[PDB]
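S.K.: Below: the sequence, then the experimentally determined structure.
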Amino acid sequence: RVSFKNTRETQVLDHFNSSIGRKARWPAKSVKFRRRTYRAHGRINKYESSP
Amino acid sequence: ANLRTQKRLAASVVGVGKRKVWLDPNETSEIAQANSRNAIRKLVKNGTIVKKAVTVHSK
Amino acid sequence: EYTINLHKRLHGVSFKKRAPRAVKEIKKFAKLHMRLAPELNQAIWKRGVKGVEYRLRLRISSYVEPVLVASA
Amino acid sequence: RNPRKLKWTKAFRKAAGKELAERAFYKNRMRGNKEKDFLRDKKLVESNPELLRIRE
Amino acid sequence: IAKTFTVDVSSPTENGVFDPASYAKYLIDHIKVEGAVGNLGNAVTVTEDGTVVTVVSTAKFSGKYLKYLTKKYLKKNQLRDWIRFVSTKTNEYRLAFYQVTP
Amino acid sequence: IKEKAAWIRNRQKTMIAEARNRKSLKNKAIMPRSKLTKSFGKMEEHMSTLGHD
Amino acid sequence: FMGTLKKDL
RNA sequence: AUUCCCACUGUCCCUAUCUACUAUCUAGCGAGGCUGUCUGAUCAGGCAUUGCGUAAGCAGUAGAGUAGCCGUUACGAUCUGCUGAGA
């Protein structure tokens, strides 16, 4: 269970590139390596992990 | 080292609520074995569990 | 034994976070020259988050203690 | 605001004897201060034998 | 009418951390009869026999006041954290060391 | 005399600072000394500083 | 202008 | 409800500064003084969305008054000095 994009793009621990501050990051979970909710208006917001 | 039940039992036995009981930080292992109210009373007698006094504040 | 001028280091910090950030400041202090004693945490939070003394006298061994002096 | 009331103005210092109307004048003002310090020190020393005993 | 208060200072005195004469002097100098320091008009008499201090009072005097004065004297000599003023019988007291790990 | 007075002033200020440090903000539940236990080394050091046997 | 101060004595 | 008189005002001439909140990135997931109050009282501090220039201490025989006698215990605001000091 780890983000696909962050793992693909993967000293980093102790410090697909949209909106990344100037573009490098320090993805700890990637380096180390189905849910549903309604909302303000009734709907079916489905959030899925991307292993 | 999960003394939640021990604090609950000490508060019930001494009858002073969980805000007045004091469990010895240096006797975690000894308190961890007090699974019954008799052992809690024994700990209170030995001074491992203590009852705090009412705050000294003028009415 | 050191003297830390926390008035200089805490300038411009919001009054809501003076006491917590001060804990991080002394941690940096011992890192510059070289675990906080709970008595020193009491000394830091003596006047709450909003107020921290301008100067503090410390004893660093890194284990850091507050020392009792008439004035800093 | 009356200038003679505020101690940081020269009007107060002249109208109260603080300012000459200089160094010798200040020495004249500050005569006997050492005696007062000595007397208060003597009283403090004689007022707490126990604390001196702790000192020794 | 006279009431007797007994304080047993044997334990601190034998341990070399107490002077009963100074203690009795502090009481006789700070009884405060009728709200006045040193107004001992023969109503309050203090005797020091070496190990037991006896206070005989016919005026308003209580064991709580004696405990307060003793604790003040202990704090003045900064022995408050090691010696406590405790009672054995009614109006019979002593000074006892706090619990110490050997 | 005037040196002993300075020592007295410094020690009084130190004691006041220590008492303030021990004192806290809004009063809390009291932990009586008669129910807690103190070690012997602290007692030995304090009594030696006092000047007793 | 200031004169003699406490420190300067 | 409307119109004139006086006073006030960042409405404006004409904008400027500060505080809070917000916005951004990262790890994971993811569509000095004063009022009130409290530390038993001083001292020193906390709180009340800045709440709204002579230190602590000691002394004077000067000091409103509280408390002993028909020259005299004691407490004592305020004032004066250490002190353009203290921070």
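M.R.: Perfect, thanks for sending it. Numbers count the residues shown, from 1 in each chain, chains lettered A, B, ... in the order given.

S.K.: For the helix or strand where residue F:14 lies, which outside residues touch it?
M.R.: Taking DSSP states H and E as the criterion, residue F:14 maps to helix F:2-22. By CB atoms under 8 Å, 6 or more residues apart in numbering or on different chains, the residues outside helix F:2-22 that reach it are C:42-43, C:46, C:66, C:68-71, D:37-38, D:40-42, D:44-45, D:48, D:51-52, D:54-55. All C-beta spots, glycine's among them, are computed from the backbone N, C-alpha and C.

S.K.: Just the buried positions in it, please.
M.R.: Of the residues in helix F:2-22, F:4-5, F:8 count as buried by neighbour count, 16 or more other CB atoms under 10 Å in any protein chain shown.

S.K.: cool, stretch E:10-29 as well?
M.R.: E:12-13, E:17-18, E:20, E:23-24, E:26-27.

S.K.: any idea which of those residues is closest to chain B?
M.R.: residue E:12 (23.3 Å; CB to the nearest CB).

S.K.: Could you check how far the closest one is from residue B:20?
M.R.: Distance, residue E:12 to residue B:20, by CB to CB, to the nearest Å: 32 Å.

S.K.: hang on, the earlier thing: what's the most distant pair in the buried residues of stretch E:10-29?
M.R.: E:17 and E:27 (18.3 Å; CB to CB).

S.K.: So residue E:87 sits against residue E:63, correct?
M.R.: Yes: using CB atoms under 8 Å, residue E:87 is in contact with residue E:63, at 7.2 Å.

S.K.: between these two, what contacts are shared?
M.R.: Common neighbours of residue E:87 and residue E:63 (CB under 8 Å, 6+ apart) are residue E:93.

S.K.: mind listing the strands for chain C?
M.R.: C:2-5, C:55-60, C:64-66 (DSSP state E).

S.K.: Just the buried residues of the longest one, please?
M.R.: For strand C:55-60, the buried set under the neighbour-count rule, 16+ other CB under 10 Å, comprises C:56-58.

S.K.: got the angle for the lengthiest helix in chain C vs strand C:55-60?
M.R.: Taking DSSP state H as the criterion, chain C has its longest helix at helix C:18-33. Orientation of helix C:18-33 against strand C:55-60 (axes from the mean of the first three to the mean of the last three CA atoms, to 10 degrees) gives an angle of 50 degrees.

S.K.: which residues are contacting helix C:18-33?
M.R.: Under CB under 8 Å, 6+ apart, the answer for helix C:18-33 is C:2, C:4, C:6, C:9-10, C:13, C:36, C:40-41, C:44-45, C:47-52, C:56, C:58, C:60, C:62, C:64.

S.K.: And those residues, which of them are buried?
M.R.: For the contacts of helix C:18-33, a burial check counting by 16+ other CB under 10 Å picks out C:4, C:6, C:9-10, C:36, C:40, C:44-45, C:49, C:52, C:56, C:58, C:64.

S.K.: Quick check, the residue in chain F closest to chain C?
M.R.: For chain F, CB to the nearest CB, closest residue to chain C: residue F:13, 3.8 Å.

S.K.: how near is that residue to RNA strand H?
M.R.: Going from residue F:13 to RNA strand H by CB to the nearest atom of the strand, to the nearest Å gives 10 Å.

S.K.: Please apply the same query to residue E:8.
M.R.: 28 Å.

S.K.: and the residue nearest to that residue when sequence neighbours are not counted, how many neighbours?
M.R.: Using CB to CB, 6 or more residues apart in numbering or on different chains and skipping the chain neighbours, the partner closest in space to residue E:8 is residue E:94 (3.7 Å). Other residues near residue E:94 come to 17 when the count uses other CB atoms under 10 Å in any protein chain shown.

S.K.: cool, residue A:30 as well?
M.R.: 18.

S.K.: Need the phi and psi values for it.
M.R.: phi -70, psi -40 (degrees, to the nearest 10).

S.K.: repeat for the one 5 residues further on
M.R.: For residue A:35, the backbone dihedrals (degrees, to the nearest 10) come out as phi -130, psi 160.

S.K.: For it, which non-adjacent residue is spatially closest?
M.R.: Residue nearest to residue A:35 in three dimensions, not counting chain neighbours: residue A:47, with 5.2 Å by CB to CB, 6+ apart.

S.K.: count of residues packed around the one you found?
M.R.: Counted with other CB under 10 Å, residue A:47 comes out at 8.

S.K.: hey, what's the residue in chain E that RNA strand H sits nearest to bridged with?
M.R.: Of the residues in chain E, the one nearest RNA strand H is residue E:36, at a distance of 9.4 Å by CB to the nearest atom of the strand. In this entry, residue E:36 is beta-bridged to residue E:33, by DSSP bridges.

S.K.: cool, residue E:57 as well?
M.R.: residue E:3, residue E:44.

S.K.: Distance check, the closest residue to chain D within chain E against residue E:53.
M.R.: Here chain E gets closest to chain D at one residue, residue E:77, 6.7 Å apart by CB to the nearest CB. The gap separating residue E:77 from residue E:53 is 15 Å, by CB to CB.

S.K.: Nothing else from me, thank you.
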